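Read through the structure below, which is laid out as structure tokens, and then see the notes.
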Amino acid sequence: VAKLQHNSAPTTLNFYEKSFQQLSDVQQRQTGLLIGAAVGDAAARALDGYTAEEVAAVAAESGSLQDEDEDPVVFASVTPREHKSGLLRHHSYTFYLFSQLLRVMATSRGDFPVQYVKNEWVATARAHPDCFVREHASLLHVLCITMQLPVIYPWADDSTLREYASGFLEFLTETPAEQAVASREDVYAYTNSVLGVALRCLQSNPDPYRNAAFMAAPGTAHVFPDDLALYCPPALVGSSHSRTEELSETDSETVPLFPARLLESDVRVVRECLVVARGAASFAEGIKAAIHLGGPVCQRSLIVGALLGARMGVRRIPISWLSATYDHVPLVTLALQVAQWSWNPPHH
Amino acid sequence: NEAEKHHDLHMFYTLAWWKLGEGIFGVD
Amino acid sequence: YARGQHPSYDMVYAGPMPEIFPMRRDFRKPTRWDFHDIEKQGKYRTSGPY
Amino acid sequence: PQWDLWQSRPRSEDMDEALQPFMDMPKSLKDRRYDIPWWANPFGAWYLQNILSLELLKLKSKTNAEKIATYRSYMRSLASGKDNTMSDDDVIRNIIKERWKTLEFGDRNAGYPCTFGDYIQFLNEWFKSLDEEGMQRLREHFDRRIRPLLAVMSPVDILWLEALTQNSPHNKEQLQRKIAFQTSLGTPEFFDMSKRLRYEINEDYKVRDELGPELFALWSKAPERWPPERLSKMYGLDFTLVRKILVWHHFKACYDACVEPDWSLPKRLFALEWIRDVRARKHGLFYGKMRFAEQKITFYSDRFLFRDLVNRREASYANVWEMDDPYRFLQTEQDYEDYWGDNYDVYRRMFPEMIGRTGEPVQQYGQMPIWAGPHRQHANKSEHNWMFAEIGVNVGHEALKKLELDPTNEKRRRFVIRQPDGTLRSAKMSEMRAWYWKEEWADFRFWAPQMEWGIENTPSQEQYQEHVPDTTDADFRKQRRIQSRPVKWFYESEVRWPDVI
Amino acid sequence: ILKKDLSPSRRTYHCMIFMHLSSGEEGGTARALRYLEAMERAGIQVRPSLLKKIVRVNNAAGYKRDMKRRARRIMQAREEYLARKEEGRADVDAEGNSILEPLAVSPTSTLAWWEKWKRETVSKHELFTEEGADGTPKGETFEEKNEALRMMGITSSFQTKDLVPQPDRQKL
Amino acid sequence: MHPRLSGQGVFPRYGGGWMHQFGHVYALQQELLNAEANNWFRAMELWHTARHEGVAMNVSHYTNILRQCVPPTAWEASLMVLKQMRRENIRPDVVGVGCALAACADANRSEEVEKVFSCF
Amino acid sequence: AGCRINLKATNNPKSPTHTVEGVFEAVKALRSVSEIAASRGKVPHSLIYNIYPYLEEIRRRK
């Protein structure tokens, strides 16, 4: 019940620790999506770019545990191999764009066109040219950017969410020059399927992964886990015709350059993220499993932690990790504003 | 202010209730 | 929405109980942090459920 | 070690007396008293020899048959062969009853087993040897048995019983001589009412200490499956009495286990009653009760008010409890303890209606840039919380408190709090409501998610579109949207991604 | 009404309204108000006694409504419990300092007995698999109560309804 | 991508008149009772969401679910709805039982049609 | 009840017999709600109670 006051133990561990109780269940899940995404990105930023064996080596090296410290992989104190300037020290370029979109959404107080964030996104791209070409027009990047769109209206059906997110995905996959980026429809379909997963997580649907697999976009059976891939709709003959038209170019010497990471590799990473989120029983273990897989750990966590937050609310996110997040105060304030204004937009 | 100790309740036990109650002190 | 005052009719009064005795008449307490002193000061008719 | 009734534990000497005459006994005669075992007193010896031995006989031993043969022979001599079929336990009970009845008080060595003074000493020391539980059991025995006799018997009968107890020949002769004393004795026909009175008292006590464990087990195991209302309905008990019994059982268990009682239980079982009745009372001031919370118009006056009330009652709980839907915001035990312990009063007075929370989330603002640089960063820190609330022409309306404190209001009243470290944060729900005239009522029944929908309740888009909101007609909505959306595009003067090769 | 073309009596309307009010299902009061407005637009007399009885019956049937609402969450919790079943330093603080701990209570105390009984008895989700016939949790009847107490390891002394003391019969 | 109706003006007086704490409940009720929906999968998902959220669902919501289930010939979904209604003791409307019967009959599930007709 | 006595018009205002006679005459001249309702032809309860069905009792039977 109560313990004798000694050593001046602080009453609250964080500013919003007791504020998260002041939300409904759906509001808690809404804020949890954004906050868990931020916490996962901040926790995986330390080992960004590291490989699976390098992560294993770090964990083995930091094998001196005092039974209370966090997992050495999470929020690792390894020396930075990037040395970013002001903000990408604690997060990634993908989360930079995600935060800009979140702030635009909070200031919009409801649904908003993509033109409200076009200029911010292009300014960030100009400020970070290497990151833009590194992670532009990729499935992981566009998915991590658009994960927060269903937070606007969690009761929206799949058709409405996909229709609203089409405008954002068009600009996200729009190359500046006439590079003719291929598989735009494939990227759209995979992003729509994962957004359906996230929407069902927000709606607390029984087996959201299974029901999103049932109602997934056609031709997207490779992104869901193999045990759920049977329920996905088959590939469309129109998609096959589009693939044939793309192959009819017969131009092997022309290779797109903006999608640096291959679409198949992105699909594999998203599949691993989905299986980790589905089989994770807690946010901490889910983030640990996401970071133990190596590769783009930042995007892996930005997906897995977002799914876990949408599944189990804000209060299941470790408050110590939330306090360790660099911009936790502005992120939580924006998330609270979005959760409050999503249920009664001024314009409609 | 003074607490009522209810010592007058104990004075009723000093009356040989077994004469009339026929052994009410025990379990019954 | 233009009917009555509140639809509850199951209200449980949570305020202080009225003082029946000795039934003070005026309460002009000089305050320091009361921002409704303007409304509190002044003669008002005391007629309610009680 | 082990202390019980057989081996009396050593008690303190400075203990107060239990019986009145021992309080006036002189100190010298108090010091004259010895420290002896309980059976050393002649009355204790009589009890151990006569009643306690026969009580022990029912236990398994070897001399049980040896004594039972003699007692059965005595019973057969008493009542021919009829009592041969009587059970051994019945024979022991009859012998105990006869020995209790034939007890007399007189000279110790003249035949009487013990004297009245010895009986008084034994009673006093037996009362002294009792703890709080012992005294409670003594009072329970008093209420069960002696109280009906006192209520049914006259003071003349009590004095006659006292004379019988003392067994003084001259005093008994004096009392019997008086004619009015002879005529004032009670009648057995009227004394028969004591049987029914004792039955009612024992019935209430049996209710308490036999249906308390059963109700307590049911309500502790599955409070949602067996609420106090359901328990009262199925057991025919009073709805208030069931909760009272549960509270008493839990508190007695805590007290006799020497554990601080769960003070939250009376609040959790009388939440409505706690808010309605429990008040701080001044000395010498008489208080009253508000029959109605406010001066309102009754719902019988209009047909629409009647429909509104019946719909709200349908959507309302009859009796809300700790596990019901409105209390689902207490996820963990920390929230449970905080809400139900030492702050329930403020937690319930924060907002009248029961919502899925107690207040509003607090979000902190951003500080305006200070061109003075680090020469002035310290000035916004102080020792106190500086709380500011907006006032003006459009702000401060008591009748519009809900709409002004609605977070989804573009013209919401603006509150700010500067912490002693310079942080600018918003205000809590209680802090925001502190600036308006106080509301001191609560609602323990209505729960919004249970409202009727579909049947008789269908909000329509036609009713809302009857106002005909047209963007080409009125462009204030577009102006507010432009105000809200960012403006950083203006410095770039189609948006396109940068090109790097 | 429709086939034989008869006008229902005010007693019939009252009976329908009271039946729907007593029924704890959702929309019962809505259907009751439908019957009342049918009376109003058909010219059937509306009486203050009828209004008072409507209020009283609604307040009384609030109990059954609450029981059904609780039964819904009880069924949900039972399903979640089955799904979970399918899936499958005392005196030292964080810094390491030795902290005070309360002495163990008497093992023979009734409070300790209650604690052990709560910790060791079957969970509240396995007492009954199927719920009541009409939207309400089982355990209101004496047979179900005795079965639940037996499953919890307690033999109910009040097996029958009449065995309850019933203190409302007291006259003195 | 917004609730069908905003807070001010549309909600009934007896329910508090747009208690903003229950805006999600209001939006969920509108989504449950919209008459333009034709996705039975969406109907079932919304029913699960409402059950989790504690929204009191009367016969209108079940009738709407059955109506959505009819066109895709979701006889199994209709049977599940009827089973849930009988489990919670909610009397199915004549329109609802007709919808269930039509959904079963369009799938040539004559045995289930006979069972439902015998029940009602 | 509330009773107001004025005996200024009387020759001797300090008359207890005047006081008691006036009070008893005022009590005698009082009609009960049952008597008033019987005389009017109305239900006694539909004269002092604010229930909306009672509004039909003050109209003319048509």
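So you can find residues: chains in the structure tokens are A, B, ... in the order shown, residues in each start at 1, and ligands are numbered from 1 in order.
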Backbone-only DSSP, helix (DSSP H, G or I) members of chain B, as a ChimeraX atom specification: /B:10-13,18-21
Output for the residues just chosen: C-alpha atoms as an mmCIF file, in the first residue's frame:
data_model
loop_
_atom_site.group_PDB
_atom_site.id
_atom_site.type_symbol
_atom_site.label_atom_id
_atom_site.label_comp_id
_atom_site.auth_asym_id
_atom_site.auth_seq_id
_atom_site.Cartn_x
_atom_site.Cartn_y
_atom_site.Cartn_z
ATOM 1 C CA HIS B 10 -21.293 -6.832 34.508
ATOM 2 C CA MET B 11 -23.422 -6.343 37.636
ATOM 3 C CA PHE B 12 -26.228 -8.353 36.019
ATOM 4 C CA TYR B 13 -24.030 -11.468 36.000
ATOM 5 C CA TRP B 18 -28.872 -20.513 36.913
ATOM 6 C CA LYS B 19 -31.772 -20.493 39.395
ATOM 7 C CA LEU B 20 -34.253 -19.357 36.723
ATOM 8 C CA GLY B 21 -32.513 -19.903 33.373
#
Residues near residue A:177, cut-off 12 Å, only C-alpha atoms, skip fewer than 4 positions along chain, as a PyMOL selection string: (chain A and resi 173+181+256-258) or (chain D and resi 496-501)
Residues of chain E within 10 Å of chain F, only C-alpha atoms counted, as number ranges by chain: E: 24-28, 68-69, 71-73, 75-76, 130-136
Please dump the current selection as a compact mmCIF listing (two decimals), in the first residue's frame; keep N, CA and C atoms.
# COMPACT_ATOMS: atom_id res chain seq x y z
N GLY E 24 -35.45 -6.54 -19.18
CA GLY E 24 -34.20 -5.82 -19.06
C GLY E 24 -33.41 -5.65 -20.33
N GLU E 25 -33.91 -6.15 -21.46
CA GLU E 25 -33.18 -6.06 -22.71
C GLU E 25 -33.12 -4.61 -23.19
N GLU E 26 -32.15 -4.34 -24.05
CA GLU E 26 -31.97 -3.00 -24.58
C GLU E 26 -33.14 -2.60 -25.47
N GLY E 27 -33.57 -1.35 -25.35
CA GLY E 27 -34.70 -0.85 -26.09
C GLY E 27 -36.05 -1.12 -25.48
N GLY E 28 -36.10 -1.73 -24.29
CA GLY E 28 -37.39 -2.01 -23.67
C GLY E 28 -38.17 -0.75 -23.35
N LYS E 68 -27.91 -7.98 -16.64
CA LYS E 68 -27.60 -8.38 -18.01
C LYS E 68 -26.33 -7.69 -18.52
N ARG E 69 -26.18 -6.39 -18.22
CA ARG E 69 -24.99 -5.68 -18.65
C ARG E 69 -23.73 -6.27 -18.03
N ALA E 71 -23.49 -9.42 -17.07
CA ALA E 71 -23.33 -10.75 -17.64
C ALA E 71 -22.58 -10.70 -18.97
N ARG E 72 -22.81 -9.65 -19.76
CA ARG E 72 -22.08 -9.52 -21.02
C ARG E 72 -20.57 -9.47 -20.77
N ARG E 73 -20.14 -8.61 -19.85
CA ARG E 73 -18.71 -8.53 -19.53
C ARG E 73 -18.21 -9.80 -18.86
N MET E 75 -19.22 -12.87 -19.59
CA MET E 75 -18.97 -13.79 -20.70
C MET E 75 -17.70 -13.42 -21.44
N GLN E 76 -17.48 -12.12 -21.67
CA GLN E 76 -16.25 -11.69 -22.32
C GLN E 76 -15.02 -12.10 -21.51
N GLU E 130 -21.81 -22.18 -19.02
CA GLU E 130 -22.97 -21.54 -19.62
C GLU E 130 -23.59 -20.56 -18.64
N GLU E 131 -24.11 -19.45 -19.16
CA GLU E 131 -24.73 -18.44 -18.33
C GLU E 131 -26.23 -18.71 -18.22
N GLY E 132 -26.96 -17.78 -17.60
CA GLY E 132 -28.36 -18.00 -17.34
C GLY E 132 -29.20 -18.02 -18.60
N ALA E 133 -30.43 -18.51 -18.44
CA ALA E 133 -31.33 -18.64 -19.58
C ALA E 133 -31.71 -17.29 -20.17
N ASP E 134 -31.82 -16.26 -19.34
CA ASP E 134 -32.25 -14.93 -19.79
C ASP E 134 -31.19 -13.91 -19.39
N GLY E 135 -30.15 -13.79 -20.21
CA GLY E 135 -29.21 -12.68 -20.15
C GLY E 135 -28.53 -12.41 -18.83
N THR E 136 -28.80 -13.22 -17.81
CA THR E 136 -28.28 -12.91 -16.48
C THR E 136 -27.27 -13.96 -16.03
Test item: residues at most 9 Å from residue C:28, only C-alpha atoms, excluding those fewer than 4 positions along its chain, as a list in words: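 Close residues of residue C:28: residues 40, 41 and 42 of chain C.
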Could you build a table of the residues in chain G lying no more than 10 Å from chain D, giving for each the nearest pair of atoms and their separation in Å rounded to one decimal place, using only C-alpha atoms, ordered by chain and ascending residue number, as a Markdown table?
| residue | atom | partner | partner_atom | distance |
| --- | --- | --- | --- | --- |
| G:49 | CA | D:301 | CA | 9.3 |
| G:50 | CA | D:301 | CA | 5.6 |
| G:51 | CA | D:300 | CA | 4.9 |
| G:52 | CA | D:301 | CA | 5.0 |
| G:53 | CA | D:303 | CA | 8.6 |
| G:54 | CA | D:301 | CA | 9.4 |
| G:55 | CA | D:301 | CA | 9.5 |
Could you dump the residues just selected with C-alpha atoms as a JSON list (two decimals), in the first residue's frame?
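File part.json, as written:
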[["chain", "number", "residue", "atom", "x", "y", "z"],
["G", 49, "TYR", "CA", -50.50, 18.56, -8.23],
["G", 50, "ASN", "CA", -48.34, 19.40, -11.25],
["G", 51, "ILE", "CA", -48.81, 16.42, -13.55],
["G", 52, "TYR", "CA", -49.35, 17.07, -17.25],
["G", 53, "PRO", "CA", -52.28, 14.61, -17.66],
["G", 54, "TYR", "CA", -54.12, 16.83, -15.16],
["G", 55, "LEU", "CA", -54.22, 19.52, -17.85]]
Neighbours of chain C in chain D at 10 Å, counting only C-alpha atoms, as an MDAnalysis selection string: chainID D and resid 272:282 284:299 301:302 304:306 308:313 316 345 348:349 352:353 434:446
